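Residue numbers (full-length UniProt numbering), protein chains in the order written: chain A, 5 to 127, 130 to 171; chain B, 5 to 171.
What follows is the structure in structure tokens.
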């Protein structure tokens, strides 16, 4: 499980060792399912991330500052069973999120460009789930090669299912 | 990971490979947090069980019938941060459940006796804990028989619960 290096980041496969640090970042993310996580919920979420790596040998990465070790966000792949059928459930699904104090600096683009280039060599068609109201993420997703193929409701809101071949 | 065998059970470390079979067992368990898991919640819970094995080299096992191959339950160790304090959170916590149809035959005891002895050999006999509802008499008795003693109480999930420890 190797660490990747970009111009400004180290990307380190997620594991239990950075739990406290990752948990503080979740708490600072002003969004239901993050700001209101209990410690046991967060812990189980991170355990699942580590399980993904053990089972499929890919998953999520911490975005770290190479000098301070500061956690600037997270990005990578997950297998989920959200119920959007067989072309979406159990496929590698890309997701990313930059920490609150660290946004607007092209960190997400830079991390995902490296993850996707890497994923292309290891493997596959990659999918993503993005709210139709989230214009900047959909902008970034299109630049990364993702194309909207289906709209669904998720959390009683319109979302797109996207795919990148 | 090492499959363990008892007189009446095959104990297989839990992995994603048995997700369909394990998910169907969880849904026939008549208890909040089990009967009412979405497939995605069940999937994340089993991913977390594999994560546990990866980080700590111990965790949960499927209990399989040596004759039919059907799953009779699950037992083992888990690592949790429920907020009961450093005496309890992040220690191997023992837990077990047998499908209702096969309860009352000593299955949980047989699985747990065997998992504890294996644990003792591997990590050289560290303290193990358990969380059990005060109103769950059978389960408290089993726990006493496996070496566990209550040392504290907490409210959890609407109800009084004991913290138990062994060794």
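Heads up, the beta-carbon is just placed ideally off N, CA and C, and yes, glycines get one too.
Should residue 20 of chain B be flagged as near chain A, meaning a C-beta pair shorter than 8 Å? yes
Would you please state the rounded distance, in angstroms, between the beta carbons of residue 78 of chain B and residue 64 of chain B? I believe it to be under 8 Å. 6 Å
Checking the sheet assignment: what are the DSSP bridge partners for residue 97 of chain A? A/82 and A/133
Out of A/55, A/32, A/109 and A/101, state which residue places its alpha-carbon closest to the alpha-carbon of residue 11 of chain A. A/109
Please tell me whether residue 114 of chain A and residue 8 of chain A are closer than 8 Å, where the distance is taken between their beta carbons. No. Outside cutoff.
If we define contact as Cβ-Cβ less than 8 Å, is residue 62 of chain B a contact residue for chain A? no
Can a CB atom of chain B be found closer than 8 Å to the CB of residue 43 of chain A? It does: the Cβ of residue 43 of chain A has a partner Cβ on chain B nearer than 8 Å.
Report back the beta-carbon spacing between residue 88 of chain B and residue 50 of chain B to the nearest angstrom; my notes put them in contact at under 8 Å. Contact doesn't hold; Cβ gap of about 24 Å is too wide.
Ordered along the chain, which non-local residues of its own chain (more than five positions away) have a Cβ less than 6 Å from that of residue 85 of chain A? 93
Cβ separation of residue 20 of chain B and residue 59 of chain A, assumed to be a contact under 8 Å, to the nearest whole Å: 5 Å
Report the option in A/62, A/107 and A/91 whose CA atom is closest to the CA atom of residue 127 of chain A. The residue from A/62, A/107 and A/91 with its alpha-carbon nearest to that of residue 127 of chain A is A/62.
Distance, Cα to Cα, residue 121 of chain A vs residue 68 of chain B? 42 Å
Where does the unbroken alpha helix (DSSP H) through residue 143 of chain B begin, and where does it stop? 141-149
Report the neighbours of residue 116 of chain A on chain B: residues whose CB is nearer than 8 Å to its CB, in chain order. The contacting residues do not exist; residue 116 of chain A stays about 22 Å from chain B at best.
Opening and closing residue of the beta strand (DSSP E) in which residue 154 of chain B lies: 153-160
Using a Cβ cut-off of 8 Å, pull out every chain B residue sitting near residue 59 of chain A, in sequence order please. Going along chain B in sequence order, the residues near residue 59 of chain A (Cβ under 8 Å) are 19, 20, 51 and 54.
CB contact flag (residue 119 of chain B, residue 167 of chain B, <8 Å): no
Once you ignore the five residues that flank residue 171 of chain A on each side, which residues in its own chain have a CB closer than 6 Å to its CB? 131
Buried or exposed for residue 148 of chain B, please, with buried defined as at least 16 other CB atoms from any protein chain shown within 10 angstroms of its CB. Classification for residue 148 of chain B: exposed.
Kindly say whether residue 86 of chain A, judged by its beta-carbon, lies nearer than 8 Å to any beta-carbon of chain B. Interface residue, yes.
So the candidates are B/163, B/162, B/161 and B/157; which of them puts its Cα closest to the Cα of residue 169 of chain B? B/157
Determine, using beta carbons only, whether residue 26 of chain B comes closer than 8 Å to chain A. no
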